[PDB]
Amino acid sequence: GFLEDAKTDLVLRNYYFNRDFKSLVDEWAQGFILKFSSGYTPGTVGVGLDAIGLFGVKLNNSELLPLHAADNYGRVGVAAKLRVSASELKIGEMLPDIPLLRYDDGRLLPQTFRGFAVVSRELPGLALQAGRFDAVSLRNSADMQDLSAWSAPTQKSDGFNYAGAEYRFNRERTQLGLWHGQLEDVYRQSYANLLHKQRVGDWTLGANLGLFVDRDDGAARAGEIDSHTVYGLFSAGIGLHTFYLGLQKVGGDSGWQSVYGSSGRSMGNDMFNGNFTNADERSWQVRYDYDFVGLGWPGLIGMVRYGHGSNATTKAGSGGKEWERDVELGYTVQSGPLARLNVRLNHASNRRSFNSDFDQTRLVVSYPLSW
């Protein structure tokens with residue numbers, strides 16, 4: 001009950017950001033992300049409370065912190081919880097993480113949203129979702145504000161609505177999804193997703209097939225919007241090795257849609273500094289992951305992925321090309337006094353015909369504490 005089950009998570013996050021093309025960005029900040037999650041009161045109807053406290057401190061563009069170059073900034077969010085049978089409802093400030101709205105957390109503090117969300121699981125294997133968010137706080141801000149899409153950041157919307165469904169079935173091996181959302185007066189989008197992961201012999205073969213369709217909505221504050229995106233991410237794993245192949249294509253007159261501030265993590269070929277969702281853009285990717293336990297370094301794991309974009313039409317022309325190279329080494333102390341401590345060092349190279357070229361390095365040390 002409420003007190004009984006209550007997780008409290010504290011995560012210390014020191015972040016060093018470096019982007020060199022104006023030719024240099026070099027921030028250094030310290031973040032604290034405190035998450036409290038109560039239990040549910042015993043009974044036909046369970047009531048609960050959630051809260052998140054975010055605090056960052058600058059320390060020698062507003063990537064890690066808002067710039068007036070703010071010394072710091074923080075914020076506290078609360079969310080009421082009430083359950084019944086196999087359905088949950090949350091009103092307040094939370095961390096939306098669904099296909100059509102994946103909160104961002106690629107910097108110092110997490111992007112946070114405000115509204116409500118329902119998650120029903122009354123039928124076996126099938127989960128229903130719906131909710132609405134009228135306000136948002138960018139990751140690099142301590143304030144809330146109206147939502148808007150990446151294709152038109154200044155053009156505000158009164159809210160984002162969504163309803164969706166996921167059906168696991170099989171032996172947890174497969175799963176279907178159908179989601180429909182709408183950023184009022186901006187755009188509405190439908191999404192169909194299929195996931196399948198199965199072992200055949202020595203390999204673990206996976207596939208993530210998704211399809212988006214984007215239409216402008218109501219007042220069309222972001223202009224005519226007609227476009228479709230398709231992707232197929234394929235994985236092949238064996239032992240400590242994992243290979244990935246990605247094929248993606250954007251079609252229509254405009255690009256793939258989504259909420260300004262949110263992560264593109266939902267897109268097949270999404271990488272550190274972008275996916276490849278410009279208008280008419282065709283792309284492919286290859287990725288290799290390795291568990292350094294095989295070399296006697298049981299906490300270190302690494303990745304290397306290359307993505308190339310093509311036929312992209314933007315405000316700079318047509319037939320635009322681009323590629324991104326991402327390399328990351330992440331070590332997690334497995335035991336001892338500093339167990340769980342995490343250290344991630346990564347690098348990225350971005351080149352574009354239609355925009356600024358640059359390189360990026362990041363060192364992120366994080367420490368988790370929980371009660």
# chains A, B, ... in the order shown; residues from 1 in each chain; ligands from 1
call {"tool": "residues_around", "arguments": {"residues": "residue 14 in chain A", "least_positions_apart": "3", "cutoff": "7 Å", "atoms": "only C-alpha atoms", "output": "list in words"}}
result
residues 29, 30, 31, 364, 365 and 366 of chain A
call {"tool": "closest_atom_pairs", "arguments": {"of": "range 127-244 of chain A", "to": "range 96-119 of chain A", "cutoff": "6 Å", "atoms": "only C-alpha atoms", "output": "JSON lines"}}
result
{"residue": "A:128", "atom": "CA", "partner": "A:119", "partner_atom": "CA", "distance": 5.6}
{"residue": "A:129", "atom": "CA", "partner": "A:119", "partner_atom": "CA", "distance": 4.6}
{"residue": "A:130", "atom": "CA", "partner": "A:118", "partner_atom": "CA", "distance": 5.4}
{"residue": "A:131", "atom": "CA", "partner": "A:117", "partner_atom": "CA", "distance": 3.9}
{"residue": "A:132", "atom": "CA", "partner": "A:115", "partner_atom": "CA", "distance": 5.5}
{"residue": "A:133", "atom": "CA", "partner": "A:115", "partner_atom": "CA", "distance": 4.1}
{"residue": "A:134", "atom": "CA", "partner": "A:115", "partner_atom": "CA", "distance": 5.8}
{"residue": "A:135", "atom": "CA", "partner": "A:114", "partner_atom": "CA", "distance": 5.0}
{"residue": "A:136", "atom": "CA", "partner": "A:113", "partner_atom": "CA", "distance": 4.3}
{"residue": "A:137", "atom": "CA", "partner": "A:112", "partner_atom": "CA", "distance": 5.2}
{"residue": "A:138", "atom": "CA", "partner": "A:111", "partner_atom": "CA", "distance": 4.9}
{"residue": "A:139", "atom": "CA", "partner": "A:111", "partner_atom": "CA", "distance": 4.0}
call {"tool": "closest_residue", "arguments": {"among": "A:84, A:45, A:247, A:345", "to": "residue 121 in chain A", "atoms": "only C-alpha atoms"}}
result
A:84
call {"tool": "closest_residue", "arguments": {"among": "A:197, A:38, A:163, A:183", "to": "residue 150 in chain A", "atoms": "only C-alpha atoms"}}
result
A:183
call {"tool": "closest_residue", "arguments": {"among": "A:40, A:305, A:367, A:248", "to": "residue 343 in chain A", "atoms": "only C-alpha atoms"}}
result
A:367
call {"tool": "residues_around", "arguments": {"residues": "residue 253 in chain A", "least_positions_apart": "2", "cutoff": "9 Å", "atoms": "only C-alpha atoms", "output": "PyMOL selection string"}}
result
chain A and resi 224-227+251+255+279-280
call {"tool": "closest_atom_pairs", "arguments": {"of": "range 267-353 of chain A", "to": "range 17-20 of chain A", "cutoff": "12 Å", "atoms": "only C-alpha atoms", "output": "Markdown table"}}
result
| residue | atom | partner | partner_atom | distance |
| --- | --- | --- | --- | --- |
| A:273 | CA | A:19 | CA | 10.9 |
| A:344 | CA | A:17 | CA | 11.9 |
| A:345 | CA | A:17 | CA | 10.3 |
| A:346 | CA | A:17 | CA | 10.1 |
| A:347 | CA | A:18 | CA | 9.3 |
| A:348 | CA | A:19 | CA | 9.1 |
| A:349 | CA | A:19 | CA | 9.7 |
| A:350 | CA | A:19 | CA | 10.4 |
call {"tool": "decode", "arguments": {"residues": "range 163-200 of chain A", "atoms": "N, CA and C atoms", "output": "PDB file, in the first residue's frame"}}
result
ATOM      1  N   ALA A 163      -4.697   7.922 -28.934  1.00  0.00           N
ATOM      2  CA  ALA A 163      -5.381   6.708 -28.547  1.00  0.00           C
ATOM      3  C   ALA A 163      -4.589   5.665 -29.293  1.00  0.00           C
ATOM      4  N   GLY A 164      -4.339   4.536 -28.644  1.00  0.00           N
ATOM      5  CA  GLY A 164      -3.576   3.487 -29.287  1.00  0.00           C
ATOM      6  C   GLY A 164      -3.825   2.120 -28.692  1.00  0.00           C
ATOM      7  N   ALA A 165      -3.215   1.113 -29.304  1.00  0.00           N
ATOM      8  CA  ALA A 165      -3.357  -0.253 -28.845  1.00  0.00           C
ATOM      9  C   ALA A 165      -2.156  -1.082 -29.256  1.00  0.00           C
ATOM     10  N   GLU A 166      -1.749  -1.952 -28.338  1.00  0.00           N
ATOM     11  CA  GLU A 166      -0.641  -2.856 -28.565  1.00  0.00           C
ATOM     12  C   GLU A 166      -1.145  -4.220 -28.123  1.00  0.00           C
ATOM     13  N   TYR A 167      -0.854  -5.233 -28.932  1.00  0.00           N
ATOM     14  CA  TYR A 167      -1.255  -6.603 -28.649  1.00  0.00           C
ATOM     15  C   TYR A 167      -0.019  -7.490 -28.743  1.00  0.00           C
ATOM     16  N   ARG A 168       0.434  -7.982 -27.592  1.00  0.00           N
ATOM     17  CA  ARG A 168       1.624  -8.812 -27.535  1.00  0.00           C
ATOM     18  C   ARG A 168       1.470 -10.172 -28.210  1.00  0.00           C
ATOM     19  N   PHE A 169       0.647 -11.059 -27.666  1.00  0.00           N
ATOM     20  CA  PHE A 169       0.450 -12.398 -28.256  1.00  0.00           C
ATOM     21  C   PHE A 169       1.686 -13.174 -28.730  1.00  0.00           C
ATOM     22  N   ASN A 170       1.447 -14.446 -29.057  1.00  0.00           N
ATOM     23  CA  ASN A 170       2.485 -15.392 -29.485  1.00  0.00           C
ATOM     24  C   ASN A 170       3.152 -15.814 -28.172  1.00  0.00           C
ATOM     25  N   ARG A 171       4.467 -15.948 -28.142  1.00  0.00           N
ATOM     26  CA  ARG A 171       5.111 -16.303 -26.886  1.00  0.00           C
ATOM     27  C   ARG A 171       5.878 -15.070 -26.458  1.00  0.00           C
ATOM     28  N   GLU A 172       5.222 -13.919 -26.604  1.00  0.00           N
ATOM     29  CA  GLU A 172       5.796 -12.612 -26.278  1.00  0.00           C
ATOM     30  C   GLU A 172       6.726 -12.218 -27.420  1.00  0.00           C
ATOM     31  N   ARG A 173       6.827 -13.114 -28.401  1.00  0.00           N
ATOM     32  CA  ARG A 173       7.690 -12.940 -29.559  1.00  0.00           C
ATOM     33  C   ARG A 173       7.264 -11.875 -30.559  1.00  0.00           C
ATOM     34  N   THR A 174       5.955 -11.731 -30.749  1.00  0.00           N
ATOM     35  CA  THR A 174       5.410 -10.788 -31.720  1.00  0.00           C
ATOM     36  C   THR A 174       4.586  -9.709 -31.025  1.00  0.00           C
ATOM     37  N   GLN A 175       4.200  -8.668 -31.757  1.00  0.00           N
ATOM     38  CA  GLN A 175       3.386  -7.599 -31.188  1.00  0.00           C
ATOM     39  C   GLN A 175       2.910  -6.625 -32.246  1.00  0.00           C
ATOM     40  N   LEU A 176       1.641  -6.251 -32.181  1.00  0.00           N
ATOM     41  CA  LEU A 176       1.095  -5.302 -33.144  1.00  0.00           C
ATOM     42  C   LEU A 176       0.729  -3.999 -32.463  1.00  0.00           C
ATOM     43  N   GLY A 177       0.744  -2.919 -33.232  1.00  0.00           N
ATOM     44  CA  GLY A 177       0.389  -1.638 -32.664  1.00  0.00           C
ATOM     45  C   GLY A 177      -0.326  -0.792 -33.684  1.00  0.00           C
ATOM     46  N   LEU A 178      -1.258   0.020 -33.213  1.00  0.00           N
ATOM     47  CA  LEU A 178      -2.003   0.934 -34.070  1.00  0.00           C
ATOM     48  C   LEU A 178      -2.201   2.163 -33.209  1.00  0.00           C
ATOM     49  N   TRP A 179      -1.655   3.287 -33.652  1.00  0.00           N
ATOM     50  CA  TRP A 179      -1.785   4.519 -32.893  1.00  0.00           C
ATOM     51  C   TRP A 179      -2.227   5.675 -33.745  1.00  0.00           C
ATOM     52  N   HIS A 180      -3.061   6.519 -33.161  1.00  0.00           N
ATOM     53  CA  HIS A 180      -3.572   7.690 -33.845  1.00  0.00           C
ATOM     54  C   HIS A 180      -3.472   8.836 -32.874  1.00  0.00           C
ATOM     55  N   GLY A 181      -2.850   9.921 -33.316  1.00  0.00           N
ATOM     56  CA  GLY A 181      -2.696  11.089 -32.468  1.00  0.00           C
ATOM     57  C   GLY A 181      -3.023  12.365 -33.221  1.00  0.00           C
ATOM     58  N   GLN A 182      -3.168  13.460 -32.486  1.00  0.00           N
ATOM     59  CA  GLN A 182      -3.458  14.744 -33.100  1.00  0.00           C
ATOM     60  C   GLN A 182      -2.967  15.946 -32.293  1.00  0.00           C
ATOM     61  N   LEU A 183      -2.105  16.741 -32.925  1.00  0.00           N
ATOM     62  CA  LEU A 183      -1.606  17.965 -32.327  1.00  0.00           C
ATOM     63  C   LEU A 183      -2.576  19.010 -32.853  1.00  0.00           C
ATOM     64  N   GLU A 184      -3.597  19.293 -32.058  1.00  0.00           N
ATOM     65  CA  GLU A 184      -4.639  20.242 -32.433  1.00  0.00           C
ATOM     66  C   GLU A 184      -4.193  21.468 -33.225  1.00  0.00           C
ATOM     67  N   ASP A 185      -4.850  21.663 -34.372  1.00  0.00           N
ATOM     68  CA  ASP A 185      -4.623  22.780 -35.307  1.00  0.00           C
ATOM     69  C   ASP A 185      -3.293  22.679 -36.023  1.00  0.00           C
ATOM     70  N   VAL A 186      -2.594  21.569 -35.828  1.00  0.00           N
ATOM     71  CA  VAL A 186      -1.297  21.404 -36.459  1.00  0.00           C
ATOM     72  C   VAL A 186      -1.219  20.196 -37.374  1.00  0.00           C
ATOM     73  N   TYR A 187      -1.342  19.007 -36.804  1.00  0.00           N
ATOM     74  CA  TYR A 187      -1.290  17.796 -37.611  1.00  0.00           C
ATOM     75  C   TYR A 187      -1.919  16.631 -36.880  1.00  0.00           C
ATOM     76  N   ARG A 188      -2.258  15.596 -37.631  1.00  0.00           N
ATOM     77  CA  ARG A 188      -2.803  14.389 -37.035  1.00  0.00           C
ATOM     78  C   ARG A 188      -2.033  13.246 -37.690  1.00  0.00           C
ATOM     79  N   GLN A 189      -1.685  12.213 -36.930  1.00  0.00           N
ATOM     80  CA  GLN A 189      -0.950  11.118 -37.544  1.00  0.00           C
ATOM     81  C   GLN A 189      -1.365   9.736 -37.066  1.00  0.00           C
ATOM     82  N   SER A 190      -1.308   8.783 -37.996  1.00  0.00           N
ATOM     83  CA  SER A 190      -1.648   7.389 -37.746  1.00  0.00           C
ATOM     84  C   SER A 190      -0.373   6.575 -37.893  1.00  0.00           C
ATOM     85  N   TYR A 191      -0.265   5.519 -37.098  1.00  0.00           N
ATOM     86  CA  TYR A 191       0.932   4.683 -37.074  1.00  0.00           C
ATOM     87  C   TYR A 191       0.581   3.209 -36.910  1.00  0.00           C
ATOM     88  N   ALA A 192       1.204   2.378 -37.731  1.00  0.00           N
ATOM     89  CA  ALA A 192       0.992   0.943 -37.675  1.00  0.00           C
ATOM     90  C   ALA A 192       2.368   0.329 -37.466  1.00  0.00           C
ATOM     91  N   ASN A 193       2.504  -0.496 -36.434  1.00  0.00           N
ATOM     92  CA  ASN A 193       3.790  -1.114 -36.123  1.00  0.00           C
ATOM     93  C   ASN A 193       3.678  -2.602 -35.826  1.00  0.00           C
ATOM     94  N   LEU A 194       4.667  -3.344 -36.314  1.00  0.00           N
ATOM     95  CA  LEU A 194       4.765  -4.785 -36.094  1.00  0.00           C
ATOM     96  C   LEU A 194       6.169  -5.079 -35.570  1.00  0.00           C
ATOM     97  N   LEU A 195       6.261  -5.901 -34.529  1.00  0.00           N
ATOM     98  CA  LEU A 195       7.551  -6.280 -33.952  1.00  0.00           C
ATOM     99  C   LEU A 195       7.625  -7.788 -33.846  1.00  0.00           C
ATOM    100  N   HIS A 196       8.774  -8.340 -34.183  1.00  0.00           N
ATOM    101  CA  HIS A 196       8.939  -9.773 -34.077  1.00  0.00           C
ATOM    102  C   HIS A 196      10.391 -10.052 -33.788  1.00  0.00           C
ATOM    103  N   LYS A 197      10.631 -10.861 -32.768  1.00  0.00           N
ATOM    104  CA  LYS A 197      11.983 -11.233 -32.379  1.00  0.00           C
ATOM    105  C   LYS A 197      11.947 -12.738 -32.109  1.00  0.00           C
ATOM    106  N   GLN A 198      12.766 -13.494 -32.828  1.00  0.00           N
ATOM    107  CA  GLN A 198      12.781 -14.938 -32.632  1.00  0.00           C
ATOM    108  C   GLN A 198      14.160 -15.538 -32.820  1.00  0.00           C
ATOM    109  N   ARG A 199      14.455 -16.572 -32.047  1.00  0.00           N
ATOM    110  CA  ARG A 199      15.737 -17.242 -32.165  1.00  0.00           C
ATOM    111  C   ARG A 199      15.642 -18.435 -33.129  1.00  0.00           C
ATOM    112  N   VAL A 200      16.590 -18.533 -34.060  1.00  0.00           N
ATOM    113  CA  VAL A 200      16.605 -19.638 -35.015  1.00  0.00           C
ATOM    114  C   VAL A 200      18.011 -20.200 -35.115  1.00  0.00           C
TER     115      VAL A 200
END
